[PDB]
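K.L.:
I'd like to ask you about the structure that follows.
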Amino acid sequence: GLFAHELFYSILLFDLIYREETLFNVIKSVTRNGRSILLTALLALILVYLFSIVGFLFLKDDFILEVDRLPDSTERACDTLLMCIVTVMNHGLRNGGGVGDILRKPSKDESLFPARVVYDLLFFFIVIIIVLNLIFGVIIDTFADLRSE
Amino acid sequence: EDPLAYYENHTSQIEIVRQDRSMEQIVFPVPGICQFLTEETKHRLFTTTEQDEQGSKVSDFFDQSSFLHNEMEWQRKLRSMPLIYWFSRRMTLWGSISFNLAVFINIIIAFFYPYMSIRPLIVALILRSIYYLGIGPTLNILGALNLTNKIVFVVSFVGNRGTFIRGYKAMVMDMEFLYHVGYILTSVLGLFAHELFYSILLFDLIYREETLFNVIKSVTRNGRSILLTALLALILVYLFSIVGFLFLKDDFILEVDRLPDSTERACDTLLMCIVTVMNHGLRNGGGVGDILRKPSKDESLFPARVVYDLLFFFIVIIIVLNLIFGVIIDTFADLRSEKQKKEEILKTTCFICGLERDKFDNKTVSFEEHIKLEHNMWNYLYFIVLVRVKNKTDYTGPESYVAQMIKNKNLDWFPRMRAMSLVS
Ligand SMILES: Nc1ncnc2c1ncn2[C@@H]1O[C@H](COP(=O)(O)OP(=O)(O)OP(=O)(O)O)[C@@H](O)[C@H]1O
Ligand SMILES: [Ca+2]
Ligand SMILES: [Zn+2]
């Protein structure tokens, strides 16, 4: 911080955890069973991979994402499986509804409307409602375990 | 080398309560067949046996005695047969290569499709194979190796677990064997029909990692409650859709993009209104109000729309949906409590007699000595095996008594809540 660059002093703010015991105890809830949280994240990634495979196989066209170009306003985000997986992981997990939020809005007359509805609901229930909340459940359980000990 | 050492190693003792309710100690030689019992089986039995209503594990131990004896015989035969023994001993290894091969295949498929520790070395070899032969050929070789390794793994599994000993019907009944054959079928499909079929193989992580299985147990233990809560949410959505159709049809306008007007009515029919509500209100943080048309203050139905939106948000989004997460947290707490109680019982109670550690305080014989020598479950199992093997004519007094109790299905010969050392 003194010599290379002034902004390097930002890392020093982490000393609050060392100084305060309460904050360290709070973080211990996350760290005690961090392996379980990481494995839950891996399971979420596997489910995202399977959902992306299904979408690429059957729902490729629906993956149209808007883009703002620095100096067309839409792009295809499921032309390749890697791109489709990246799109799902980045957007569906960060969106409350799920992947259906970014996915194109389907019309009723379209024959694939029931399939899209099932896809969106299954993603929302399996990943957003169940898997993503398992990490918070693990943290809550760790809190109680630490308190009891 | 040392006769005394050999005899002490091969000699065991147990304690039995006679008909007159007096305790006696029986010193017997270990049966030869007993040596073939596996540490994995011993640990599984010790950590899985469950207490009965009276709180005794003796019943389950006695029930599994016969299966343990059959496993011992099968293990002796497997040891006699060399090559299959070599394959069985390395069961963990085969699973390791299988999991690594599946992970690598899936990574390559994800990173290239559509197309046309030694782990770093394997990665470098795979990279060179991709560079020289090509992505498709590399995937073919990887899949062939995966299938061969899985065949070897299933062979080792049947050799080690000895599921076939119980019977063909039992083998088919076993869920793990069915999972393994499903893995073989999925590998075959991935190799021969379509490359993307390898994706299902990534589910092996749950089987491999105990922690992830325990985490998923929080969702599976009380899944019926979660499904019933979902049904309640569906019923509430149905009622809300009824109300909207009757009083608020016009507000149900959903924007759409037409593949090569921009707004289409969504509540013309009650089925469509139900579908719209279930699909959007439940997946929207605000609820059905967000999708519904924005009302002006001057409009007459403004208070009705406000009440509708707020009621939906509070009843469904804030209460009904959160009940599933509450159930999951509840199951987590229940599982932790059960595990803690089981661990405490196992650590601080004797398997056979059930006496607690505190009872042995300030005594000549320690609790560790009691569990190791005086009351050893494996010693009782060895005595049972001795009774079964030995001929009736050669039975001694205690052996005849225990054999008669076994025949009559009476477990009283086991010492319950009594220890000779504590008495004297
Ligand atoms: N009745 C019991 N209650 C509690 N723990 C028991 C009981 N019987 C055995 N154990 C424990 O189960 C494990 C099996 O003990 P075992 O006699 O096989 O010892 P070992 O160290 O594997 O054998 P060795 O040292 O003789 O080669 C040990 O942890 C023993 O303490
Ligand atoms: Ca005789
Ligand atoms: Zn005991």
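In chain B, numbers come from Swiss-Prot; the residues present are 2111-2226, 2260-2403, 2449-2612, in order.
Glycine too: its Cβ is placed from the backbone N, Cα and C atoms.
Sharing the features that Swiss-Prot gives for it:
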type: TRANSMEM; residues: B:2203-2223; note: transmembrane segment
type: TRANSMEM; residues: B:2265-2285; note: transmembrane segment
type: TOPO_DOM; residues: B:2286-2325; note: topological domain 'Extracellular'
type: TRANSMEM; residues: B:2326-2346; note: transmembrane segment
type: TOPO_DOM; residues: B:2347-2368; note: topological domain 'Cytoplasmic'
type: TRANSMEM; residues: B:2369-2389; note: transmembrane segment
type: DISULFID; residues: B:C2455-B:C2461; note: disulfide bond
type: TRANSMEM; residues: B:2497-2517; note: transmembrane segment
type: BINDING; residues: B:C2538, B:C2541, B:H2558, B:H2563; note: Zn(2+) binding site
type: MOD_RES; residues: B:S2609; note: phosphoserine
K.L.:
Once the DSSP letters are reduced so that anything not helix or strand counts as coil, what is B:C2455 (disulfide bond)?
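P.N.:
Note: B:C2455 (disulfide bond) is coil by DSSP, not helix or strand.
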K.L.:
Which state, by DSSP, holds B:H2558 (Zn(2+) binding site): helix, strand or coil?
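P.N.:
B:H2558 (Zn(2+) binding site) sits in a helix per DSSP.
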K.L.:
Specify the nearest of the recorded positions B:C2538, B:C2541, B:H2558, B:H2563, B:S2609 to B:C2455 (disulfide bond), where nearness means the distance between Cα atoms.
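P.N.:
Going through B:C2538, B:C2541, B:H2558, B:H2563, B:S2609 one by one, the closest to B:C2455 (disulfide bond) is B:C2538.
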K.L.:
Other than B:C2538, B:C2541, B:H2558, B:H2563, which residues of the chain come within 8 Å of the Zn(2+) site, judged by Cβ distance to the Cβ centroid of those residues?
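P.N.:
For the Zn(2+) site, the extra neighbours are B:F2539, B:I2540, B:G2542, B:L2543, B:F2555, B:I2559, B:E2562, B:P2603, B:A2607.
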K.L.:
Using a 10 Å cut-off between Cα atoms, which of these recorded positions sit near B:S2609 (phosphoserine): B:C2461, B:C2538, B:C2541, B:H2558, B:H2563?
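P.N.:
Cα filter at 10 Å returns B:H2558.
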K.L.:
Hey, which of B:2203-2223, B:2326-2346, B:2497-2517 has the most Cβ-Cβ pairs under 8 Å against the transmembrane segment (B:2265-2285)?
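P.N.:
Comparing B:2203-2223, B:2326-2346, B:2497-2517 against the transmembrane segment (B:2265-2285), the winner is B:2203-2223.
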K.L.:
Distance check, please: Cα of B:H2558 (Zn(2+) binding site) against Cα of B:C2461 (disulfide bond), rounded to an integer number of angstrom.
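P.N.:
Here the two Cα atoms are 71 Å apart.
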K.L.:
If we count other C-beta atoms within 10 Å, could you say which of the disulfide-bonded residues B:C2455, B:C2461 has the fewest?
P.N.:
B:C2455
K.L.:
Tell me the Cα distance separating B:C2461 (disulfide bond) from B:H2563 (Zn(2+) binding site), rounded to the nearest angstrom.
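P.N.:
Checking the Cα atoms of B:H2563 (Zn(2+) binding site) and B:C2461 (disulfide bond) gives a distance of 69 Å.
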K.L.:
About how far apart, in whole Å, are the alpha carbons (Cα) of B:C2461 (disulfide bond) and B:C2541 (Zn(2+) binding site)?
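P.N.:
Rounded to a whole number, the Cα-Cα distance is 65 Å.
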K.L.:
Out of B:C2455, B:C2461, B:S2609, which recorded positions have CB atoms lying under 6 Å from ligand 3?
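P.N.:
Correct list: empty, so none.
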K.L.:
Quick one: of the recorded positions B:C2538, B:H2563, B:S2609, flag those whose CB is under 6 Å from ligand 1, and say none if nothing qualifies.
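P.N.:
Within range of ligand 1: B:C2538, B:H2563.
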